[PDB]
Amino acid sequence: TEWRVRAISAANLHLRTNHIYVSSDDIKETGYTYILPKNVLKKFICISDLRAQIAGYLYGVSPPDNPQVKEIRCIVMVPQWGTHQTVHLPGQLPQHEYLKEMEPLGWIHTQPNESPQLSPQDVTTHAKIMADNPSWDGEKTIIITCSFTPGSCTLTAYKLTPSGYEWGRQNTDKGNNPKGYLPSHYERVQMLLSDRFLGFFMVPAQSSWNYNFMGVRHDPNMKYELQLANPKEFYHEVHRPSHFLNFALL
Amino acid sequence: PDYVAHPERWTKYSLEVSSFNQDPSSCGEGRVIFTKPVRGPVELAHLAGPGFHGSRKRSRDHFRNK
Amino acid sequence: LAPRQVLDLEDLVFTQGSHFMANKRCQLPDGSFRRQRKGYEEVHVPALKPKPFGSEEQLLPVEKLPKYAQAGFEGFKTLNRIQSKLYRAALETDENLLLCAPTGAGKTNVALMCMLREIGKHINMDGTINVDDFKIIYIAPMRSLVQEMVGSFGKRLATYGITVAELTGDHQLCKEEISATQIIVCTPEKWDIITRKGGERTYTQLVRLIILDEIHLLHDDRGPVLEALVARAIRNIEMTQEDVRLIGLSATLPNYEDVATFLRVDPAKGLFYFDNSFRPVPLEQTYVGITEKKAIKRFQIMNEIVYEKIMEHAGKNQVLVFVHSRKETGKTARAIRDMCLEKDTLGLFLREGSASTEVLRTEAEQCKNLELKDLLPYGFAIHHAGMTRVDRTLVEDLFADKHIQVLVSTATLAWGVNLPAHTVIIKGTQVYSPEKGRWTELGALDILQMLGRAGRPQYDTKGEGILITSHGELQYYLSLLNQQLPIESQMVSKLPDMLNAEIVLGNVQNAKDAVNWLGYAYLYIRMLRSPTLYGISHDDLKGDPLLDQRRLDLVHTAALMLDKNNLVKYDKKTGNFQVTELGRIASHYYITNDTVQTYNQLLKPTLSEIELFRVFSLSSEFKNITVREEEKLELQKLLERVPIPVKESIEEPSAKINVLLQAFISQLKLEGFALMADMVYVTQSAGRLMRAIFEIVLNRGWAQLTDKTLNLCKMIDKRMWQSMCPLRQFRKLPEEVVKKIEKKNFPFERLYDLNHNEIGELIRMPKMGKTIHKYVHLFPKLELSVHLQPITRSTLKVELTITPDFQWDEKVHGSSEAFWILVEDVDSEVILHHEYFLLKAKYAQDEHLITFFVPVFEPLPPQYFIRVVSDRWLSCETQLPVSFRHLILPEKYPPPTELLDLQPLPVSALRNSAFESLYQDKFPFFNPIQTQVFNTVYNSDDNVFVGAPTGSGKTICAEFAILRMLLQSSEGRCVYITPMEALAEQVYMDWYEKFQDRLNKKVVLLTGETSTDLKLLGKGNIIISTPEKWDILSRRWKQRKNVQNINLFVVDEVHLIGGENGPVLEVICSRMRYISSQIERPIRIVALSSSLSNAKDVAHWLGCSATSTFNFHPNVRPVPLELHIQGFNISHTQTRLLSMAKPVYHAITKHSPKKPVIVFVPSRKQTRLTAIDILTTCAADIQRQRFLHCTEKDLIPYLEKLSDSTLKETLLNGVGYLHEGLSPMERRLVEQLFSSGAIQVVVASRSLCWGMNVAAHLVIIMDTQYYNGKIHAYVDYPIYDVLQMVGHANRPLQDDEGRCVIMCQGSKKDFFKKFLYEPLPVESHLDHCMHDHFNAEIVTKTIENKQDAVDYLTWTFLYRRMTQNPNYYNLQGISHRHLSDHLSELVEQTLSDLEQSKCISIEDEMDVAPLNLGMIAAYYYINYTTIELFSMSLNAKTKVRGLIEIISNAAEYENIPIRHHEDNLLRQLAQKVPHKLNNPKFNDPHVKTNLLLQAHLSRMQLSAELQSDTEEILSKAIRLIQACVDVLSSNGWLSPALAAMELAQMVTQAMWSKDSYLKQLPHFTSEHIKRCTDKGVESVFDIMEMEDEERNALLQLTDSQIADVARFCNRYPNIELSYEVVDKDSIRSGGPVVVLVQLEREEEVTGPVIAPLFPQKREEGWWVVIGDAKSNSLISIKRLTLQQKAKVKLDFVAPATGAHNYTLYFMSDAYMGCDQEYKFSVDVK
């Protein structure tokens, strides 16, 4: 029942937005380059938690000039619940009118501790999403990990090689060290934060994205409908109605 | 903290053709041409343009008085 | 200014507060034997002997009282001694009264007598009373006393029909209920809050009497509230100069003369002081102070003292016990009973009177569960305000009837109910004060009130009041009760807050004003009469007799304290105060400055719920609240389980108050006596504190914190968390039912779809399904629709349509529901715009439209969010995202034309000397704009567009063009177009002397009539006209050659093309361009406009080249403009105007003290109100007559010609005012006075901005809004009107600058900031009004097919603007395909509507031809909707009653104003009019027009506003009736046509058909007609034939009267009609028949018709009609004008065969009784 301590800690999450470091200089120049607006990143960090991972699907479009740059125009929050190692998301991919023009570009998630490698749980999740829905191209989708460090948050991006995609779908182990996991599976893509344009959010209608507290009401086969509205923070009152109701019972 | 160890790898971010005055005789591009949007027995002639002088007592009884 | 010193307030603050005593030595009364008990010292004083009656001291009975005041006194035979002595003062005079009487005297009767006098000076003769003409305010210390007084006064005054209600508590935005009642009873702080709100003025407008009950509370800590209230009342009395009576009922204490001075009470005539001897029941009071300090032994000693004292009275008495705790009453009762049982075995049968009798009575009533069951069998009983239910109202009855022997009660009984007892004992005297945080000595006032009940007034002769307290330092009660405790002032402690409240209210604006205000405070009087106690030395007092230095030091210290907290910006140099919004909020919500500083420091845009609760806990209101060790266990228990975690704060007070607030919101219960008390205290504070925090964050623009604070406010109000089911807000639903819904984790939104059966199944209770389904739709819910169109590249015009979607219940929702409209950016982090939306029950279920402007920045946001949040209901909001995906921003406008620095052109630049003579007197040189334009506008001949700010002198450029035209062509003709008729008249008046006189060139002004317009255009060199007149003149341009050949066409104020009536201007300008293209002799176009951003579009539209386009920036005006904008964050319009009243005078003094000022107000009434307010404000200051610069002896000749009394009175003081009600002569006289400089200030209505021909140094605009009756809302001024008002603020000759101050609602401020300083963007609205112009073009054969209409659309300005700003016109792209598709759709939509109304005929989907309806609509210049309605409604048997209703339904009258409160007057008029309309909506222009037309026909006299509206209606009535005549004659219906002709002729003469024809004659009355009728005179012909002497004897005559009557008779038509049928014998079936009729008048008179009542000028028009009355068929009709001779022939087809009978009718549209009728027969062969 340390949710109170965690909420007190997460209340001071805007401070980390004052400084953000982005990995670079390790990426091969060949391939796509992804550009993330600052406002959606700041909001995503603000609505996150220090010990529970959250995730959001990325939708974007290439600028008309060149197709080697991907502009992430939107972030979609879906009914989800996460541990400190992985995020559980519904099987259904988000579907909405505004998403027709924008192609999926992968997903972005936070993690408590910065790690040099890419989490095998993340690799498995990405590979399984690829296998389930063919709308996700093998080379056009990326995993953006926003790891939390003392002071600031360190963004980095990864993509899956064909060998990694093959391994992930057949991987069943969910431990820290699965069988036959090697760094050749993933690769680093180039990502830049830019404030020259603004993105938006889409959140589930008739409900909220966070299901960490009412986890029993979350099923992988659940269906949802999106709406155009900014998400609420992790410890918002609507996310934990049991805490408010039980206290009244007291 | 890899950012302090290898600052070169990481990058710090603050994060805060028309035609006017048409007439029936016109041609060429820019001419706005209309296209379907595919969504009185009595004649009024005037329409469409063309003290105490003590006068003699009137004959009367040809007035309304009602 | 004077030197200012800083004095520590805490040094001069009386620390003891209400416990401070200045009596020092206390002289005991005559009987003062002291009985020490070795445990508690006792002091005894005897009852005072009543004062013997003096001479003529008989008690005055009700019979001697005034008869009107006898009612409300039933139950009393004669007044008491004190009441009788004050009878004269209360009833025979209005002197302010200060009553000092012993407690229990009965001052309530004196107050009632004063109220009766106030009512009796509102008797209203036959009417019972003037209930709505006055108001009385009652101020009482305790709310229980408030309720008691409300009940008593209601019972007394129910005979007078006056309702008295109490408004005390947390009421905010009080409803009309306060306006409904006349006597308001409340607590001092409650009234103080209401006054601080700034809405007090609309309440106290009728207030004439305020009663300050228990004004001896000044010594207490709440004294400063009373001091502030009294000082504010006195200052308002002096300012408004309205006498308001102040009556204070005080206890007998020293320094009462200081209070009498403080109350403006004359010591000789208003001060009444009665010592304790005058008490109706003298009492023997005993005081018991416990010497021992042992807390454990303290209660034992106190109980023993109570018991021994009670046992003395035994049972043959009645003992009342007072305690100060709800639970301590039962404790005391049970302890006393038990100790009587155990100590001496004293049985309770002693209490019971006469053994078993009446024991059954209490035994029968013993069946209660409020612990009375334990005590009711005996004499004991309890009575507490809290948790008593109905047991209170029954224990009161039982004790009143002398059955309960011992009654222990809380102090609330002393105020709530008047049940006297023989002896009263007060226990403890300690009360736990949560704000103090400890136990404190209770208020002296409450002790006095509850000790004033000793001894029944009727059944007792002696009283015994025993007061038990501590022996140490608590014997000062002797000074209190023995008339020895002086009243002291505590205002020093709360001086900064009182000063800040005054500063916010505007009563003070500088250290001088604050020093003057401090004089009315009781503290100043106390310092005068007792300097030593307040730290003032005698030397300082003698060297400063008025204590000016001390008062200024106090003012400076308070100002420094306020400035430190950033509440008031105060500069030491000038000693001036500036009000900050933080200070305004602090004053409105009654929070201390320390709390404000804490909030200002702590509040951040990123605060969460935890930090928000912590910030609330850190308020200074709870500084004294500490954490008691005994309650720490339960505090920790609650701390572990909380929904909002508490940041750190293990056991600090902040944690305590935080968890208390959370537990209160969660409706939790606690087991601590003290804990619940401070929980209640923090809740009561939390209401206002959270409201103030929400206001602060909302004003700061933060969005997330605003939402969180609003949710917290609503949760505190409703005592429920947001996560709970919203249905808990309805208190009717059972708790378990809603609990069942909450158990099912099921969203509330989905519950709308389910029906009652499905709901019952889901909740598992089928019975409750119907109630739940009913309550679901009761929940407030709105639907949002947004229409978005971009104005500029940085602003968007948003039109939000709000459609309520819930069933309205007055029980639940109430009179009105409030909503907050919030628009936010993508991140929902900044509130770009916000406003307050008020939904009224009357207008519920109706769509509401809200228009506002929001900015857009360079990175185009994806979308904006619009939120409508309920101000009261939890979980009641609607969010609508406004997508910008498809937005096309307008093109950035090019830079304005640079003002070249050229040496000014001398007037001798005009080569012609005659042209020079026009200006060589006015000025020697032109302003730089004119010099720059001169070459192009004079030497060149091409089209030129001039855009300059108002007052730059564009009229001189127009005159340049006219002079060039005259120079090149002697007979050249110029046309000048001005959108406003007032501007046209002003320009005509100006140019008449310039051209007609000096240059001898004809100048004419166009009028309504077409023939006169044609004559003027033919003989006029310079034509001045409005868009509508020139439109009707130029529609047939293919026929009138004069319209074709005009050398020059000048358009003034072309920027009004955007505003209303813009489409007519656009159409006439486009038609002029089209004519210029055709005629082959170009018509030069000179366009004058304000600074236009998109001047390129207008120049391209009008053919002006880029070199000849002069678009200047607004900062180019010759007289620089200094513009200031002030925002008033008040939603209510009346409250906003009342708050604006004084800032008008303040701005007048600040900006232009000695220079002319013009004030613009919304309405006509507000003009006079503002003039009077300015005069009162100036007279309140020592200036008085400062706005009058000439002697009154100079003014009297001007005032003689005036008629309005109020206007004359105001002008006598130097302030004038203007409105439409004033006669044109009066307005000209006022303008002449203002221009001459006699008066400095004039107040004008907004509708006179164009009309006025005067300039001022300062212009003040008020509220920038006006009520709209049709939409029952307020719509802001058009920007063009604001620009015109600003243009008045310039005097080039004598002013180096022009200043303008705009006062408007806070939201509107940004719009004025954007638009006023920058060039104005103008769009077109021709697309909405396309129908009439298309119909006119079709009739004129300009548009012969559907493609010709799309060609015609290309010439318009709309076509130009569609490319530049497509989204404004609902256009997607700017491609040729998009534009062509949109134009084709628009023209097809318009032509389909035209064909649906049978106005035109569409053949083969391409060709269009006109029809009769369109023809007549074009001929009479009438909207096509109106002619369609005429065609539909008119049938073959409509009468005049139907005709009037049809006419009043015309679209021309849709714009008739519906002003405020006109509904009552119209409803009253509705009974008077003959033809009553069924189901009248009085907020409907058509009903108003019908009523006004009927009144005009009935010659009824009514208000000036309604007369002004009647003139406007009669302006169009004639053309509408002629159109109806043509419509009826078209179908062939005879009788309706004749009825319509008679309707026209009787509207002209303003009489009904039944009225005798003599009503037309001037100076004729009902008796005049009666005398003629008896003689036999029935028609106007008779008097003309009657002899001069003979007719003179019939009626009374005067020279003027008979002269006018004869003049009318000469004008009366004497036409003779002779008709001829051509070839009567030879008429063939179906062959044409020619009927030739010749008519000629013998009189041969000239001139217009004589219609006195009809406003405009009418020329008589006749209707020769042939028809068959038998078959009601109109065969033919021919309209003509006589012109003293005429020869009219009309023809028709002979029907069938045989002899036919026809009736030739001759009718008139001007007079009555001149209509002729002939019958002829024809034969068909």
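Residues numbered from 1 in each chain as written, not as in the entry; some residues may be left out. Chains lettered and ligands numbered in written order. Heavy atoms only, no water.

Per the deposition metadata, cryo-EM was the technique used to determine this entry, at a resolution of 3.05 Å.

Here we come to the overall build of chain B. A tally of helices and strands in chain B yields one helix and one strand. Its C-alpha atoms give chain B a radius of gyration of 44 Å, more than 25% over the compact-globule value 11 Å for 66 residues. Principal-axis analysis of the C-alpha atoms gives chain B an extent of 125 × 45 × 30 Å. Among the 66 residues that make up chain B, the fraction classed as buried is 26%. Here chain B contributes 11 positively and 7 negatively charged side chains, and the mean placements of these two sets differ by 31 Å. (Helix = DSSP H or I, 4+ residues; strand = E, 2+ residues; numbered from the N terminus. Rg over C-alpha atoms; globule rule 2.2 N^0.38 Å. Buried < 20%, exposed > 50% of the residue type's maximum accessible area, 1.4 Å probe, protein only. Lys, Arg positive; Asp, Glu negative; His and termini not counted. Charge placed at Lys NZ, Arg CZ, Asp CG, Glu CD.)

What the rule picks out here adds up to 68 aromatic pairs over all chains. For the pair C:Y919 and C:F926, a centre-to-centre distance of 6.2 Å together with 70° between the ring planes defines the contact as edge-to-face. Just as C:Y919 is buried, C:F926 falls in that class too. A network of ring pairs unites the aromatic residues C:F730, C:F748, C:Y752, C:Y775, C:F779 and C:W873 as a single cluster. Residue placement shows B:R60 over the ring face of B:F63; its charged tip is 4.7 Å from the ring centre. (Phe/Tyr/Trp six-rings, centres within 6.5 Å; stacked < 30°, edge-to-face > 60°. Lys NZ or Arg CZ within 6 Å of the ring centre and 35° of its normal.)

On to the interface of chain C and chain A. Counting residues at the interface gives 41 residues for chain C and 30 residues for chain A. Summed over both sides, the interface of chain C with chain A buries roughly 3,100 Å², with 58% coming from carbon and sulfur. Applying the counting rule to chain C against chain A returns one salt bridge. Applying the counting rule to chain C against chain A returns twelve residue pairs in polar contact. Elements with a contribution of two residues or more to the side of chain C that touches chain A: α28 (632–640), α29 (653–665), α31 (704–718), β25 (863–870) and β26 (877–883) of chain C. Taken together, the residues that form the side of chain C that touches chain A break down as 19 nonpolar, twelve polar and ten charged. (Contact = heavy atoms within 4.5 Å. Buried area = accessible area lost by both parts, 1.4 Å probe. Salt bridge = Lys/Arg side-chain N within 4 Å of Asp/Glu carboxyl O. Polar contact = N/O pair within 3.5 Å; in protein donor to acceptor, adjacent residues only side chain to side chain. Nonpolar A, V, L, I, M, F, W, Y, C, P; charged D, E, K, R; others polar.)

Okay, the side chain of C:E352 next. Residue and element names in this part refer to chain C. With respect to the helices and strands, the residue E352 is situated in the loop between α13 (328–342) and α14 (359–364). For the buried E352, which has no salt bridge, the nearest side chain bearing the opposite charge is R351, at an N-O separation of 9.7 Å. If sequence neighbours within four positions are ignored, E352 has contacts with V359, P377 and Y378.

All names here are of chain C. With phi around 60°, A314 is a residue other than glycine that occupies positive phi space. Looking at the secondary structure, you find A314 in the loop between α12 (295–313) and β11 (319–323). With a phi close to 50°, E648 is a non-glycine residue in the positive phi region.

Residues and elements named next belong to chain C. Running from N to C, helix α57 (residues 1440–1448) and helix α61 (residues 1534–1549) cross one another at 70°; their axes reach a closest spacing of 10 Å. Between α57 and α61, the angle is such that the two are roughly perpendicular. As α57 runs across α61, the sense of the crossing is right-handed. Two secondary-structure elements touch here, α57 through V1440, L1443 and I1444 and α61 through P1536, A1539, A1540, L1543 and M1546. Residues belonging to the contact of α57 with α61 are distributed by class as follows: eight nonpolar, no polar and no charged. (Axes fitted to C-alpha atoms, helices over the stretch in contact; angles between N-to-C directions. Parallel < 35°, antiparallel > 145°, perpendicular 65-115°, else oblique. Left-handed = near helix turned anticlockwise from the far one by under 90°.)

Attention shifts here to the nonpolar core. Residues and elements named next belong to chain C. Membership of the largest hydrophobic core comes to 256 residues, with the highest contact counts inside it found for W1030, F1049, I1260, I1261, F1334 and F1430. It is helix α60 (residues 1504–1531) that provides the largest number of residues to this core, a total of twelve residues. Viewed by domain, this core spans two of them, domain 5 (907–1111) and domain 6 (1121–1317), each represented by three or more residues. Non-local contacts of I1260, meaning those with residues more than four positions away in its chain, are made with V1144, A1147, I1148, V1157, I1158, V1159, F1160, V1301 and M1303. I139, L145, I585 and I696 belong to the second-largest nonpolar core, a separate cluster that totals 249 residues. (Core = buried A, V, L, I, M, F, W, Y, C linked by side-chain atoms within 4.5 Å. Domains from an automatic or database assignment.)

With that settled, the discussion passes to the pattern of salt bridges. Residues and elements named next belong to chain C. Throughout the structure, instances matching the rule amount to 83 salt bridges over all chains. Between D401 and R361 there is a salt bridge; the shortest N-O distance is 3.1 Å. Taken as a pair, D401 in the loop between α16 (391–400) and β13 (406–410) and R361 in helix α14 lie far apart in primary sequence, 40 residues in all. Note on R361: relative accessible area 30%, which makes it partly exposed. Through salt bridges with shared partners, a single network forms among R1164, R1459, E1462, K1488, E1505 and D1509.

With that out of the way, let us pick up the interface of chain B and chain C. At the junction of the two partners, chain B supplies 39 residues and chain C supplies 66 residues. A combined buried area of about 4,500 Å² lies between chain B and chain C, and 56% of that area is made up of carbon and sulfur atoms. Three residues stand out in chain B for area buried against chain C, namely B:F34, B:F52 and B:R64, and they jointly supply 20% of the buried area on that side. Where chain B meets chain C, there are two salt bridges. Of the charged contacts, one joins C:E1642 and B:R58 as a salt bridge, the two residues approaching to 3.2 Å between their closest N and O atoms. Where chain B meets chain C, there are 20 residue pairs in polar contact.

Residue and element names in this part refer to chain C. Relative to strand β23 (residues 831–840), strand β22 (residues 816–824) runs antiparallel, the two being bridged by nine bridges. Paired with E824 across the bridge in β23 is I831. Hairpin connection between β22 and β23: a loop of six residues separates the two successive antiparallel strands, and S828 in this loop has a positive phi of roughly 55°. (Pairing = 2+ DSSP bridges.)

So, about the sheet that holds strand β47 (residues 1673–1680) of chain C. In a beta sheet, neighbouring strands pair by backbone hydrogen bonds and run either parallel or antiparallel. All names here are of chain C. Spatial strand order, β47-β46-β49-β50: four strands in an open sheet with antiparallel pairing. Among the strands making up the open sheet, the edge pair consists of β47 and β50 (1716–1724). Mean inter-strand twist for the sheet, computed between neighbouring axes without regard to direction, equals 20°. Sheet topology places strand β46 (residues 1662–1668) next to β47; seven bridges connect them, and they run antiparallel. When the bridges of β47 are listed, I1666 appears paired with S1676. Each of β46 and β47 touches α60; the most contacted strand, β47, lies at about 140° to it. Contacts from α61 reach β46, β47 and β49 (1698–1708) within the one sheet, and its direction differs from that of β49 by about 15°.

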